[PDB]
């Protein structure tokens, strides 16, 4: 078979290209190539994809499409009685590092499983023990700090915890924490930290994120 090919030099929207293909061929399910720059395309860069429908009625078209771009981004969309919905772009991720680096291990570098330049955002996870126990537990779970990668020398994960069981004599206590990290190529470094108690705090996971 012959997938639908849509060029900018055709001077035809994506939507009219799909209509014309279905008029000409009667196909309801088929693949397609759309050159980057085609008006109404699921995306800006070139893409390929799959159009799915069951009735080739181009006056009231009902169908969906699933397209992938040159950077791997996934875009899905629909047409409902010949009205085209806004294409939906998915995010993606890759787990780059997991382990347990004490906040006290400043100036230490570890590897990422891919280069940080393949990501626009990142999630850095930290795992804490609060100054005091609250209902017998000082553990916090593992907390996400999400950043946009803006070229900073330091990505700063800084926050606070309340902990302790209130008595009439002693309210809960408050504490501040920080860990700063940096990225370079396929590596990351724990640059700085501040801890307000004697317990060990860790960086435990780094996840690369794309939101194309």
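Positions refer to the first chain, counted from 1.
Two stretches are in play, 7-15 and 185-193, and the higher mean C-alpha B-factor belongs to 7-15.
Comparing the deposited coordinates for 81-89 and 122-130, the stretch with the larger average C-alpha B-factor is 81-89.
The residue among 171, 180, 49, 159 whose C-alpha atom has the highest B-factor in the PDB entry is 171. For the set 45, 31, 163, 66, the PDB entry assigns the largest Cα B-factor to 45. Sort the modelled residues of the chain by CA B factor and residue 135 lands in the highest third. Per the deposited record, the Cα B-factor of residue 108 falls in the highest third when ranked against the other modelled residues of its chain.
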